[PDB]
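This report concerns only the one structure given below.
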Amino acid sequence: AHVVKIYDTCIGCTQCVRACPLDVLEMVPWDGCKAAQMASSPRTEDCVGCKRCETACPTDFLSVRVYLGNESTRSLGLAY
Amino acid sequence: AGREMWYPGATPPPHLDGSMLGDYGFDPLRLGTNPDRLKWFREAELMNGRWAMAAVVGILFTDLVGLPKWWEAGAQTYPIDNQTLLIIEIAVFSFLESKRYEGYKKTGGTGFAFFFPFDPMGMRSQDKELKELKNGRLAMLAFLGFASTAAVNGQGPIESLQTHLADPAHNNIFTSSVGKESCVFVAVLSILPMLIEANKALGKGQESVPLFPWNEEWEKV
Amino acid sequence: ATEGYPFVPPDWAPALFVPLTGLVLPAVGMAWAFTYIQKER
Amino acid sequence: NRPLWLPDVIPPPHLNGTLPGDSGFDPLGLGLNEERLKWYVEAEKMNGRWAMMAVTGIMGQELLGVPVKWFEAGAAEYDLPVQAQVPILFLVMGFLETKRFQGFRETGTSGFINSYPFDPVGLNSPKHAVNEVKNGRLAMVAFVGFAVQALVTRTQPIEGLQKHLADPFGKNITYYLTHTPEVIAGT
Amino acid sequence: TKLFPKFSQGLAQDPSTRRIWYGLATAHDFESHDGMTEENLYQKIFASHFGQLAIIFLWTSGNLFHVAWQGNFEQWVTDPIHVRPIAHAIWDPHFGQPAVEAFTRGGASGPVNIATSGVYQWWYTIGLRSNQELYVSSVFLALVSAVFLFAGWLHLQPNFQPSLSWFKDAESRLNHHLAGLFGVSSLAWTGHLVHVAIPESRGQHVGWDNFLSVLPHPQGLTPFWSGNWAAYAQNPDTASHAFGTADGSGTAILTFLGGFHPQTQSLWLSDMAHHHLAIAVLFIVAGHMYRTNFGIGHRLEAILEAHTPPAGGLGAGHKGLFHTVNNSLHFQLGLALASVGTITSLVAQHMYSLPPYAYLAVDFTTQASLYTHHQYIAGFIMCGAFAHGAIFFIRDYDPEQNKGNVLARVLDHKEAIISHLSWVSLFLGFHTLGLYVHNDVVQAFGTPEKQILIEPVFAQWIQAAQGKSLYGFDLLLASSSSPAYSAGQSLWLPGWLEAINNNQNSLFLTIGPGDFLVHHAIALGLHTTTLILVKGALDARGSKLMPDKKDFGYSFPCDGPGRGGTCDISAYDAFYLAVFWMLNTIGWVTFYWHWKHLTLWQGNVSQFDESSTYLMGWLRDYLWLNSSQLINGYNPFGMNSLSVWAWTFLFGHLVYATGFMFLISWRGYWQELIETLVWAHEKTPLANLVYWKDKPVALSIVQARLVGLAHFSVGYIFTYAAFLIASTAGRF
Amino acid sequence: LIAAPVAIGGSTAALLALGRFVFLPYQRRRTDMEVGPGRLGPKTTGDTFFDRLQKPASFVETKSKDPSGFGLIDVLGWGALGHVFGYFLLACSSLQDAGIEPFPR
Ligand code: CLA
Ligand code: CLA
Ligand code: CLA
Ligand code: CLA
Ligand SMILES: CC1=C(/C=C/C(C)=C/C=C/C(C)=C/C=C/C=C(C)/C=C/C=C(C)/C=C/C2=C(C)CCCC2(C)C)C(C)(C)CCC1
Ligand SMILES: CC1=C(/C=C/C(C)=C/C=C/C(C)=C\C=C\C=C(C)/C=C/C=C(C)/C=C/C2=C(C)CCCC2(C)C)C(C)(C)CCC1
């Protein structure tokens, strides 16, 4: 499926996981930010590439990046 | 595919091992890349060869006895109307070919009527069908030559042989209207095994199979 | 033929050649391509 | 160690000297591959043999006496026409070359049919191989010269030799290249 | 898991209908293929290049065979000014009885199609007379196409595939191609010309049976071994000479009279003979330049690293650039395509003014079709060159390898370049549209003298410098006292001056203010297309809206609705938007060419001079006046031979409109409609048994833009070709 | 029209003398800053047949039978230059002898 990567620029407003209606992103503890949180993508095979996490990302440049390619039956959003 | 090949130095195709008789390695297009398909094509080759032998011996007899030209024999008058002749031919063949197809389904032999195999006196042996297949292939080549010499020469096989014996240097296929095309075709056929040899020498391994619409050998490529 | 011996064209060459390459050749292409794209594994 | 190819002492990288007629003549390095080397030395030997057969046919035809020269012998009246000659000419020699190639694929040498040593008389010395290779190169140069005679001088090779013998200065490259533009109109 | 995309395992895992389209589109994108190294990539490119060569030679062999079979080449040879060329016979079984009768043009029996490709003039010029020779040409080109196909098959086997460094051999490839592919090839061409076409233009048949018995020049190569090359130009062809006979002809094989033939309205054969001979000699000389195995020659990296100006003028200069061009195949492809498009544009601009084929200038529709075809080919090749340069910039470009060089410095101030290109494009468009609208409304108020007619003084000054005495400028080579006129006064001046002062030909036509306005509109089109292509190339790897464009590949849809919206952000999208401007610009140049030449052929050049100033006159006297014969192809009262052209015109309109269908609407409304159709098929009686194996999905956004551009360009080209050919051929 | 042999021989002898006695010390210095030790040198390494073709030939680096570095390749190149210059002079003389004046008047 698609590749979702989270960089160290994340500081943890825990809002990129709310904007994703596919349960792709999860939040793990960290130590490189004030909030001690960092976004992670365990179910990266269930992502379609809708880039709503990119809309929700406030850092410049974005901490979470979604890369298109290698589409499948779940990443294409077909119910058939 | 037998120690004797279609050209000296040929390699047998992988499906054409030589278990069945009459094999010479001549399979450039590889129609028979399936055992059922190969045995059906062997049956069809045997039937077309048998009908070719019958047609060739009939033409030889009719040209020897002086009966007129065979391609103009359809316009000759005959007893019994042509429409009912075709009707009774279709009617008898709808039984003959039916019995043949059922016998090939249950046995596989090329029998006749209710006797499968139709071998009353019984000299069935592998060399006999080998000779029959060779004579059959030669007969379809002969019938193609007969049609060609009816088309361009306009004479029978005996007259064509007489013209070849009268002056073989100038009375042949290559001095006719189909002459230079035949020269080009035989040049291509002379070059053809050597290009295959070069393909085998440079393509030392891999498969290098001929991938064509009529066979599914392109699936493994 | 005289002065046309490479690739001799008969008079019925267009009337015969056009329907194979507009009829039979696209059909073989369609069937071969459809068996290609639908091939599993 | 060799008699070499030309004055300067070249230590050729790929040609050690074990080849028949090896002199080190490779100013561009076309045969660095060993498979290419064996294929092309076989091709060179066959081309040399064909060159010897061609030049000897030319001098034999001219000395024996024929009404038609070698460069016009294609368009001549024979017992068999050109249309009836080229089918079997391609067929039988394609058979011969196919057998030769399918034997050379494992033997690595030449051979007419089956008996690939092809030596009923023997005397298969390396000196004979070197003589064959160099005589073939000489016949190759000779056939090139004959073709350029037929192009420029429009005359037979032995006739050109007689012309150079009778008038060495007045029938050379300069005369037939500049002084005679009428060679087309019977010189 | 399928295997139809064999090069891409991931594409084979796609269960939707997108797999077939993406497999067809990425079929020859070998750099993105799975498990592909550099050497195998180069070998596959070599095999594909051989395949394209074989396809080209097979296509031209088929053209020769079809002309020799169903053409009227002998009748064209007997009378070129009267008998029309024939391309191929028309065997369409859906044709009606009036349809068969109305297409037996050119004095033929069956339905035939009139040839506008210009091969009849070209083959009559090079000495081909009988259709037997065309048959031999067709079979020889088929043989060489088979040879090239075999060679492409040859360089894919073991012990025959060349290594990676063999392809990367830069100096020797340039040496060999310049010396042989250009030099001795042009030498063989001029040798064939002198041997065959020069005697065939003077009533002397030269063929394979007697070319060794005839002689090109009566001196017989004595000038060449001596120095007396002036003997080859001693008795040239006179003005009163026919191309099919030897009436008042001379024995000369290399001359330089210049100008055009008085009868055929084409350049002299001996002029082209000396031209290709000089080009051959110069190219063979220049091909002995780069360094090879021998101790002499030039190295490309040495010249590149040496050419660094001091005082930091170009920073590091051209250092580190040899490996950039050699390692990146897209750089070489873009350079090759840029040069090919420039040469194609030069060819288009040079055959029409200087016709190289006999009786080509008489055939108006042939010249127009040739010009328009090669101009559109040149423009598409330009767009490909810029797109592949962008592909170089995103895929294989190392700033660390070439730091501070000309490439890095051009990328350093790319905003300045893009901004200045935008400024000049905006300024040209603003002012050109201002005067065009101004002259439109001024003409509308019944007073056309108030329109702004800016006379082109620079180009008419150049034309006066090139010999046009109509403008009366006292300039060099126009006055008899100038040193430029005296130099070459007896060489080619009286031919070139006579050809350039005759207004009947296409050599340096008179230009008015409307010509100047349309030239600056053409410059505006080129400038805007350059602006968008250059901006897409420079922003291919990074931008302020999206720095990481290099990580998303060259052809990706977007980044999403975030950061305000990132639609059409890729350099592929820049190319796709630039193709429309390319189509408009080449449409402008071909509109200008066709209207000016049509008014020249009809004899009313004043109508073009007074009507090309304002756009309403442009529309009325080009798109409306010349389309009268086009739309009457199959009128209900009567139908004639222009039926294919009106049908093709409407076909181009329909395909253009289907391009609009793909271009306006975007994927996301189509996916829901396709989902409803999926529910329709899956959930109906007597058709739920039949089920798809590839899931029907909507066309992807990149695919949507590609198919919209494809239908757009196909409809554009077909409708313009139909209108141009019908309008030029209905009257003449 | 100028006789061809004397002009051709004089031009090629002058060009060979310039190449050996004049242009040779300037030679092997432009190349030393082109294919020298620390700079570019060899473009290939040499592993396969298609890669050994770009290696230098066997007869261009052996030694120098001439007192200077003038080898066979230099002899051929400067002789080609001499033939070119002689043919250029002969062509100009031929154009003058035909009554045609190429120079501006
Ligand atoms: C007589 C004295 C003299 C003069 C006049 C020059 C002059 C020049 N040398 Mg130099 N040179 C000299 C002595 C001299 N040199 C000496 C003693 C040496 C040592 C041997 C050199 C060695 C040397 C080298 C090694 C090189 C030069 C080069 C150059 C040229 C480019 C200069 C530069 O930096 O680019 C100009 C400066 C810029 C900043 C470039 C800006 C370009 C702009 C951005 C482009 C604008 C495009 C615009 C849109 C066009 C509109 C056109 C319209 C139709 C659209 C320049 C003409 C270079 C060369 O060959 O280039 C031709 C080069 O490689 N020179
Ligand atoms: C025939 C239709 C048409 C026209 C007129 C334009 C005009 C323009 N496009 Mg273009 N374009 C078109 C179709 C068209 N496009 C299509 C179909 C495509 C494919 C998608 C593109 C793709 C395209 C790209 C990709 C780019 C352009 C750009 C441009 C500009 C080029 C600069 C120029 O020429 O000076 C100006 C040209 C003019 C014609 C001036 C128009 C303004 C006049 C003066 C009227 C202004 C209003 C007037 C004063 C009345 C005021 C009131 C009124 C607003 C109600 C210009 C605004 C480029 C751009 O904007 O960069 C600077 C650019 O990058 N276009
Ligand atoms: C139509 C009659 C026919 C049929 C059914 C067969 C069938 C067979 N033959 Mg046979 N063969 C035939 C005619 C036929 N052949 C002729 C006329 C010759 C002499 C030239 C041969 C010579 C021959 C040899 C030497 C060998 C075979 C072998 C085979 C087997 C494998 C080859 C294969 O797949 O081809 C299947 C072929 C067909 C299904 C028929 C061909 C389809 C059409 C006719 C082709 C289209 C036209 C084409 C351009 C040719 C036109 C020729 C033109 C001059 C008229 C198979 C059982 C091999 C074998 O024994 O393997 C066990 C073998 O070694 N055949
Ligand atoms: C000879 C020059 C040349 C070469 C070697 C290449 C080679 C390449 N280019 Mg380039 N390109 C060229 C010319 C060239 N192109 C030109 C002239 C253009 C402008 C039109 C482009 C535009 C271009 C773009 C925009 C892209 C490439 C890409 C590619 C790569 C894969 C493309 C491919 O084969 O897919 C095979 C593609 C197909 C089989 C699809 C064919 C559909 C055609 C184009 C539509 C034509 C319309 C119509 C249907 C035609 C029929 C008419 C109808 C009426 C019958 C490859 C490196 C792509 C790449 O690098 O991948 C990221 C890429 O993004 N090129
Ligand atoms: C994107 C990119 C790319 C591409 C680019 C392009 C595509 C370009 C083009 C370009 C072009 C397309 C250019 C052109 C140019 C031109 C020129 C430069 C010209 C000149 C001319 C002249 C100088 C002339 C002169 C003269 C003479 C000689 C004669 C007459 C007179 C006169 C004076 C006019 C690449 C690949 C690099 C990569 C990177 C990026
Ligand atoms: C042995 C010796 C010697 C001597 C030497 C000599 C004397 C030399 C010479 C030389 C010469 C004296 C010359 C050379 C040459 C070479 C070459 C290599 C050439 C080339 C040429 C060319 C390439 C040409 C071309 C052309 C043509 C073909 C035509 C047109 C024109 C032209 C010119 C372009 C001595 C004693 C010293 C020392 C010891 C040793």
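By order in the structure tokens, chains are A, B, ...; within a chain, residues start at 1; ligands start at 1, following the order shown.
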Please identify which residues in segment 5-96 of chain F DSSP calls helix (DSSP H, G or I) from the backbone, and express them as a VMD selection string. chain F and resid 5 to 26 49 to 52 72 to 96
Need the shell around segment 58-75 of chain B: protein/DNA/RNA residues with any atom at most 12 Å away, counting only C-alpha atoms. Skip same-chain ones fewer than 3 positions apart. Format as a VMD selection string? chain B and resid 51 to 55 78 82 139 142 to 143 146 to 151 154 to 161
Taking only C-alpha atoms and all ligand atoms into account, which residues are within 8 Å of ligand 3, as a ChimeraX atom specification? /B:1,5-6,16,18-27,29-33,38-46,48-49,137-138,140-141,144
Produce a file of the selected residues containing N, CA and C atoms, as an mmCIF file, in the first residue's frame.
```cif
data_model
loop_
_atom_site.group_PDB
_atom_site.id
_atom_site.type_symbol
_atom_site.label_atom_id
_atom_site.label_comp_id
_atom_site.auth_asym_id
_atom_site.auth_seq_id
_atom_site.Cartn_x
_atom_site.Cartn_y
_atom_site.Cartn_z
ATOM 1 N N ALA B 1 12.949 -36.301 -30.582
ATOM 2 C CA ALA B 1 12.086 -36.268 -31.757
ATOM 3 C C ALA B 1 12.660 -37.138 -32.868
ATOM 4 N N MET B 5 16.322 -35.819 -38.225
ATOM 5 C CA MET B 5 15.730 -34.515 -37.983
ATOM 6 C C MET B 5 15.266 -33.894 -39.295
ATOM 7 N N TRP B 6 14.553 -32.770 -39.172
ATOM 8 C CA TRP B 6 14.087 -32.058 -40.356
ATOM 9 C C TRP B 6 15.222 -31.316 -41.055
ATOM 10 N N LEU B 16 8.084 -32.035 -27.891
ATOM 11 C CA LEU B 16 8.200 -32.991 -28.991
ATOM 12 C C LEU B 16 9.356 -33.954 -28.707
ATOM 13 N N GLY B 18 9.472 -37.284 -29.022
ATOM 14 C CA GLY B 18 9.626 -38.398 -29.932
ATOM 15 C C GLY B 18 8.960 -39.687 -29.502
ATOM 16 N N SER B 19 8.077 -39.642 -28.500
ATOM 17 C CA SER B 19 7.361 -40.844 -28.077
ATOM 18 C C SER B 19 6.446 -41.359 -29.181
ATOM 19 N N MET B 20 5.747 -40.457 -29.862
ATOM 20 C CA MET B 20 4.909 -40.843 -30.985
ATOM 21 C C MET B 20 5.731 -40.902 -32.267
ATOM 22 N N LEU B 21 5.268 -41.716 -33.210
ATOM 23 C CA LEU B 21 6.024 -42.012 -34.417
ATOM 24 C C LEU B 21 5.961 -40.854 -35.408
ATOM 25 N N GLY B 22 6.770 -40.970 -36.463
ATOM 26 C CA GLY B 22 6.800 -39.978 -37.517
ATOM 27 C C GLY B 22 7.437 -38.664 -37.138
ATOM 28 N N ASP B 23 8.196 -38.622 -36.047
ATOM 29 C CA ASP B 23 8.724 -37.371 -35.532
ATOM 30 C C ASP B 23 10.060 -37.032 -36.183
ATOM 31 N N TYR B 24 10.178 -35.787 -36.648
ATOM 32 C CA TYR B 24 11.407 -35.308 -37.271
ATOM 33 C C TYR B 24 11.865 -33.973 -36.695
ATOM 34 N N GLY B 25 11.256 -33.500 -35.610
ATOM 35 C CA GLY B 25 11.628 -32.236 -35.014
ATOM 36 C C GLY B 25 11.102 -31.008 -35.723
ATOM 37 N N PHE B 26 10.272 -31.175 -36.749
ATOM 38 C CA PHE B 26 9.754 -30.050 -37.526
ATOM 39 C C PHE B 26 8.550 -29.466 -36.796
ATOM 40 N N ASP B 27 8.818 -28.513 -35.907
ATOM 41 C CA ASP B 27 7.761 -27.774 -35.215
ATOM 42 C C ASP B 27 8.233 -26.351 -34.954
ATOM 43 N N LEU B 29 6.288 -23.505 -35.338
ATOM 44 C CA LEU B 29 5.208 -22.766 -34.701
ATOM 45 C C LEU B 29 4.704 -23.438 -33.431
ATOM 46 N N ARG B 30 4.898 -24.755 -33.313
ATOM 47 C CA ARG B 30 4.521 -25.550 -32.139
ATOM 48 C C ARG B 30 3.022 -25.440 -31.845
ATOM 49 N N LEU B 31 2.227 -25.914 -32.808
ATOM 50 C CA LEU B 31 0.784 -26.013 -32.612
ATOM 51 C C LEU B 31 0.433 -27.031 -31.536
ATOM 52 N N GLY B 32 1.195 -28.117 -31.447
ATOM 53 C CA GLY B 32 0.839 -29.241 -30.606
ATOM 54 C C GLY B 32 1.478 -29.263 -29.234
ATOM 55 N N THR B 33 1.511 -28.119 -28.549
ATOM 56 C CA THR B 33 2.080 -28.061 -27.206
ATOM 57 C C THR B 33 1.073 -28.521 -26.155
ATOM 58 N N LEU B 38 -1.855 -32.669 -29.596
ATOM 59 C CA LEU B 38 -0.910 -33.353 -30.475
ATOM 60 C C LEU B 38 -1.517 -34.612 -31.081
ATOM 61 N N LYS B 39 -2.255 -35.395 -30.291
ATOM 62 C CA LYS B 39 -2.837 -36.614 -30.847
ATOM 63 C C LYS B 39 -4.009 -36.307 -31.777
ATOM 64 N N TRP B 40 -4.774 -35.241 -31.503
ATOM 65 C CA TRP B 40 -5.801 -34.827 -32.454
ATOM 66 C C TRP B 40 -5.179 -34.359 -33.762
ATOM 67 N N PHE B 41 -4.070 -33.621 -33.682
ATOM 68 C CA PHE B 41 -3.406 -33.174 -34.900
ATOM 69 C C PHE B 41 -2.776 -34.337 -35.653
ATOM 70 N N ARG B 42 -2.311 -35.367 -34.941
ATOM 71 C CA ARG B 42 -1.847 -36.579 -35.612
ATOM 72 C C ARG B 42 -2.988 -37.286 -36.333
ATOM 73 N N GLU B 43 -4.162 -37.374 -35.699
ATOM 74 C CA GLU B 43 -5.316 -37.972 -36.366
ATOM 75 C C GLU B 43 -5.723 -37.171 -37.599
ATOM 76 N N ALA B 44 -5.725 -35.839 -37.484
ATOM 77 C CA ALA B 44 -6.087 -34.988 -38.613
ATOM 78 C C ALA B 44 -5.062 -35.081 -39.738
ATOM 79 N N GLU B 45 -3.773 -35.157 -39.391
ATOM 80 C CA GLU B 45 -2.733 -35.343 -40.395
ATOM 81 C C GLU B 45 -2.896 -36.677 -41.104
ATOM 82 N N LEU B 46 -3.222 -37.731 -40.351
ATOM 83 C CA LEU B 46 -3.436 -39.041 -40.957
ATOM 84 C C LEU B 46 -4.627 -39.028 -41.907
ATOM 85 N N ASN B 48 -6.012 -36.282 -43.511
ATOM 86 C CA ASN B 48 -5.706 -35.468 -44.686
ATOM 87 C C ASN B 48 -4.708 -36.178 -45.594
ATOM 88 N N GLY B 49 -3.763 -36.927 -45.015
ATOM 89 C CA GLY B 49 -2.855 -37.719 -45.826
ATOM 90 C C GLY B 49 -3.529 -38.878 -46.538
ATOM 91 N N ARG B 137 2.067 -37.769 -46.163
ATOM 92 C CA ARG B 137 2.635 -36.427 -46.268
ATOM 93 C C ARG B 137 3.132 -36.153 -47.682
ATOM 94 N N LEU B 138 3.799 -37.141 -48.293
ATOM 95 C CA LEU B 138 4.194 -37.010 -49.690
ATOM 96 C C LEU B 138 2.985 -36.845 -50.603
ATOM 97 N N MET B 140 -0.009 -35.339 -49.791
ATOM 98 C CA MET B 140 -0.522 -33.965 -49.727
ATOM 99 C C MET B 140 0.424 -32.978 -50.400
ATOM 100 N N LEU B 141 1.740 -33.209 -50.315
ATOM 101 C CA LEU B 141 2.657 -32.407 -51.129
ATOM 102 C C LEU B 141 2.395 -32.602 -52.622
ATOM 103 N N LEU B 144 -0.852 -30.731 -53.551
ATOM 104 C CA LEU B 144 -0.579 -29.303 -53.669
ATOM 105 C C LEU B 144 0.144 -28.993 -54.977
#
```
Hey, which residues sit close to ligand 4? Say within 6 Å, counting only C-alpha atoms and all ligand atoms, and write them as a PyMOL selection string. chain E and resi 24-29+380-381+383-384+387+554-555+572+710+714
As a ChimeraX atom specification, please: the residues near residue 23 of chain D (cut-off 8 Å, only C-alpha atoms, same-chain neighbours under 4 positions excluded). /D:2-5,15,17
Return the neighbours of chain E among the residues of chain F, cut-off 8 Å, counting only C-alpha atoms, as a JSON list (two decimals) with N, CA and C atoms, in the first residue's frame.
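What follows is the written file selection-v8.json:
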```json
[["chain", "number", "residue", "atom", "x", "y", "z"],
["F", 1, "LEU", "N", 46.98, 27.33, -62.54],
["F", 1, "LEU", "CA", 46.14, 26.45, -61.74],
["F", 1, "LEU", "C", 46.96, 25.77, -60.65],
["F", 2, "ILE", "N", 48.28, 25.96, -60.72],
["F", 2, "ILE", "CA", 49.31, 25.34, -59.87],
["F", 2, "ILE", "C", 49.34, 23.83, -60.07],
["F", 3, "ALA", "N", 50.53, 23.29, -60.32],
["F", 3, "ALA", "CA", 50.67, 21.85, -60.49],
["F", 3, "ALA", "C", 50.40, 21.13, -59.17],
["F", 4, "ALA", "N", 49.56, 20.10, -59.23],
["F", 4, "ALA", "CA", 49.16, 19.38, -58.02],
["F", 4, "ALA", "C", 50.30, 18.70, -57.25],
["F", 34, "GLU", "N", 45.51, 17.26, -19.92],
["F", 34, "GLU", "CA", 44.26, 16.64, -20.35],
["F", 34, "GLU", "C", 44.14, 15.20, -19.86],
["F", 40, "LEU", "N", 42.14, 13.46, -15.41],
["F", 40, "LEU", "CA", 41.24, 12.44, -15.96],
["F", 40, "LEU", "C", 41.89, 11.08, -16.21],
["F", 44, "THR", "N", 38.13, 4.25, -18.46],
["F", 44, "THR", "CA", 37.67, 2.90, -18.15],
["F", 44, "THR", "C", 38.70, 2.17, -17.30],
["F", 48, "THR", "N", 35.76, -6.43, -19.43],
["F", 48, "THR", "CA", 35.05, -7.20, -20.45],
["F", 48, "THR", "C", 35.52, -6.78, -21.85],
["F", 50, "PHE", "N", 33.61, -5.54, -24.40],
["F", 50, "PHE", "CA", 33.04, -4.26, -24.80],
["F", 50, "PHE", "C", 33.63, -3.09, -24.03],
["F", 51, "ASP", "N", 34.39, -3.35, -22.97],
["F", 51, "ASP", "CA", 35.00, -2.32, -22.15],
["F", 51, "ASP", "C", 36.48, -2.16, -22.47],
["F", 54, "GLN", "N", 37.63, 0.61, -25.46],
["F", 54, "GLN", "CA", 37.98, 1.99, -25.15],
["F", 54, "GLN", "C", 39.38, 2.12, -24.56],
["F", 55, "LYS", "N", 40.06, 1.01, -24.30],
["F", 55, "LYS", "CA", 41.45, 1.06, -23.86],
["F", 55, "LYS", "C", 42.33, 1.55, -25.01],
["F", 56, "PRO", "N", 43.47, 2.17, -24.71],
["F", 56, "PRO", "CA", 44.36, 2.65, -25.78],
["F", 56, "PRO", "C", 44.93, 1.51, -26.60],
["F", 57, "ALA", "N", 45.24, 1.81, -27.86],
["F", 57, "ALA", "CA", 45.74, 0.82, -28.80],
["F", 57, "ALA", "C", 47.13, 0.34, -28.40],
["F", 60, "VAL", "N", 50.44, 2.81, -30.20],
["F", 60, "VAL", "CA", 50.51, 4.26, -30.05],
["F", 60, "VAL", "C", 51.30, 4.69, -28.82],
["F", 61, "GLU", "N", 51.83, 3.75, -28.03],
["F", 61, "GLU", "CA", 52.53, 4.12, -26.80],
["F", 61, "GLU", "C", 53.80, 3.30, -26.59],
["F", 73, "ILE", "N", 50.86, 8.06, -35.60],
["F", 73, "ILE", "CA", 49.57, 8.75, -35.56],
["F", 73, "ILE", "C", 49.75, 10.24, -35.84],
["F", 74, "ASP", "N", 50.79, 10.84, -35.25],
["F", 74, "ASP", "CA", 51.09, 12.25, -35.53],
["F", 74, "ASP", "C", 51.49, 12.45, -36.98],
["F", 87, "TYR", "N", 45.17, 20.87, -50.98],
["F", 87, "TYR", "CA", 43.94, 20.83, -51.76],
["F", 87, "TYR", "C", 43.18, 22.14, -51.68],
["F", 90, "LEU", "N", 45.05, 24.44, -54.07],
["F", 90, "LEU", "CA", 44.77, 24.03, -55.44],
["F", 90, "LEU", "C", 43.35, 24.41, -55.85],
["F", 91, "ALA", "N", 42.39, 24.28, -54.93],
["F", 91, "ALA", "CA", 41.01, 24.66, -55.22],
["F", 91, "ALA", "C", 40.89, 26.16, -55.46],
["F", 93, "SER", "N", 43.31, 28.13, -56.54],
["F", 93, "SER", "CA", 43.96, 28.39, -57.82],
["F", 93, "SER", "C", 43.06, 27.99, -58.99],
["F", 94, "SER", "N", 42.34, 26.88, -58.84],
["F", 94, "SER", "CA", 41.42, 26.44, -59.89],
["F", 94, "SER", "C", 40.26, 27.41, -60.05],
["F", 95, "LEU", "N", 39.71, 27.91, -58.94],
["F", 95, "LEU", "CA", 38.64, 28.90, -59.04],
["F", 95, "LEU", "C", 39.13, 30.20, -59.66],
["F", 98, "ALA", "N", 39.43, 29.81, -63.57],
["F", 98, "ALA", "CA", 38.19, 29.70, -64.32],
["F", 98, "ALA", "C", 37.61, 31.06, -64.69],
["F", 100, "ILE", "N", 36.57, 33.21, -62.47],
["F", 100, "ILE", "CA", 35.66, 33.60, -61.40],
["F", 100, "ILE", "C", 36.49, 34.17, -60.25],
["F", 101, "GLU", "N", 36.09, 35.34, -59.75],
["F", 101, "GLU", "CA", 36.83, 36.01, -58.69],
["F", 101, "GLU", "C", 36.07, 35.87, -57.38],
["F", 102, "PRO", "N", 36.50, 35.02, -56.45],
["F", 102, "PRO", "CA", 35.80, 34.92, -55.17],
["F", 102, "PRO", "C", 35.99, 36.12, -54.26],
["F", 103, "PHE", "N", 37.09, 36.85, -54.40],
["F", 103, "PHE", "CA", 37.37, 37.97, -53.51],
["F", 103, "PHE", "C", 36.44, 39.14, -53.80],
["F", 104, "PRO", "N", 36.12, 39.95, -52.78],
["F", 104, "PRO", "CA", 35.38, 41.19, -53.03],
["F", 104, "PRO", "C", 36.18, 42.15, -53.89],
["F", 105, "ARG", "N", 35.47, 42.86, -54.76],
["F", 105, "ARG", "CA", 36.11, 43.78, -55.70],
["F", 105, "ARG", "C", 36.09, 45.21, -55.16]]
```
Please check the contacts: residues of chain E at most 10 Å away from chain A, using only C-alpha atoms, listed as a ChimeraX atom specification. /E:8-16,18-19,544-548,551-553,556-565,671-672,675,678-679,682,695-697
